[PDB]
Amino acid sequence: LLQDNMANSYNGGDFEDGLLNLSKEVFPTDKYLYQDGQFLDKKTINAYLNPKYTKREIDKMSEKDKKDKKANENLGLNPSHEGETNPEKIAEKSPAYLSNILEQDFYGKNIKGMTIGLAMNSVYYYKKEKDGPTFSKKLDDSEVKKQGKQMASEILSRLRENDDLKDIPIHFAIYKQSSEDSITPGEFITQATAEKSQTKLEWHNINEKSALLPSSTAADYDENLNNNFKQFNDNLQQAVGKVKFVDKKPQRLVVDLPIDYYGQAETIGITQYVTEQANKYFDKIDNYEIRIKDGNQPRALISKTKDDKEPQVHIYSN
C-alpha cells in the first residue's frame, strides 16, 4: 500500500525512505528511538488531504460525510473548489497539490522530536467521467513549493495545539512526486526545522534528482558515474541502478543484479567478483547496496556505508 495517496508505488516507497534519510540527519539513530507517527491519526491525515470547504459545500454535505470528513473543523489543506463541481474546471482552478502526509516520532514515553513529510503532486490526475480516460494537469514547480511551505506552517500550528507537543523540535520536508508513469521517483525540494517551542516556520532548498543507471539523466548529472556503471555492467561479462544526485553529487546508490538459479557456492563466487567490481567503480559513493537475487528470492547483499573500511557481504541462507 505504498501507492496509497501517492502517484505510484515507486513514489510512495521513495518518499518514505527519503524522509527517513532526513530524519537520520536531524534525529540521529545513536541518539533517538525511532517510531511510526502516532499524533496525526489516519482520519486526521485524510481530513487534511481534503480541499478546504465553503459554507455552502458543508451545508449540502450529509451528516455521515460531515462526520467522516471532520467537516465542522474544516481541516482540508488543498485548494477550495469554491462551489465548482466540473472535474476539468476543478483541474484548472483548484487541483490537489498535497497527496499525502507522513509522520515519524522520536523518543530518548516522552516524545523528543517529530518529522513531518508532505508528499506533493507534480501532476494532478482526474477523470471527466466514471469510466473515462485519465486526464492530467501539470502543476507549477514553484507553486508546488509555495503550497508545501504554507501547508507545513498550518500543520505546525495544529500540532502545537497538542499539549504533549508544545516544545519538541519538529522537522518538515516537502517531496515532489514524479508523474504516475515515471519509473524514476520524485525528490525532496525543501526542508525546515521548528526548533524548541517554535510555532512558525526559514527553509533550506534541497537540490536533489533521482536517476536510473545507466541513463541520460545520470550522464547529464555525473558522466563519470554513468560511464563507470556501464563499465561495471560490461565487466559482468544486466545490472540496473538507481541513485540520488544531491547538489550534483551521487549518493544512496542501489543496484539490482538478477542472476540465474545458482547454487550457494556459485552465489559466493558471484559475490566475490561483484564485490571486486563495486570497489573499482563505486568507491566515491558513501552509501551503496547491491541486491543480488534470482527469480525466487534475495541471494546476496553487498553494502557499504561511510564508516565501512570495505564493503560488507551477506550470503542469504537457503
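In case it trips you up, residue 1 is the first one in the sequence shown, and so on.
According to the record, the deposited sequence contains 1 to 3 residues between residue 201 and residue 202 that were left without coordinates. The stretch of deposited sequence separating residue 85 from residue 86 contains no residues lacking coordinates in this entry. Per the deposited record, the Cα B-factor of residue 24 falls in the lowest third when ranked against the other modelled residues of its chain. The PDB entry assigns residue 32 a C-alpha temperature factor belonging to the lowest third of its chain's modelled residues. Ranked by C-alpha B-factor against the other modelled residues of its chain, residue 18 falls in the lowest third. Among the modelled residues of its chain, residue 242 has a C-alpha B-factor that falls in the middle third according to the deposited record. Among the modelled residues of its chain, residue 132 has a C-alpha B-factor that falls in the highest third, as given in the PDB entry.
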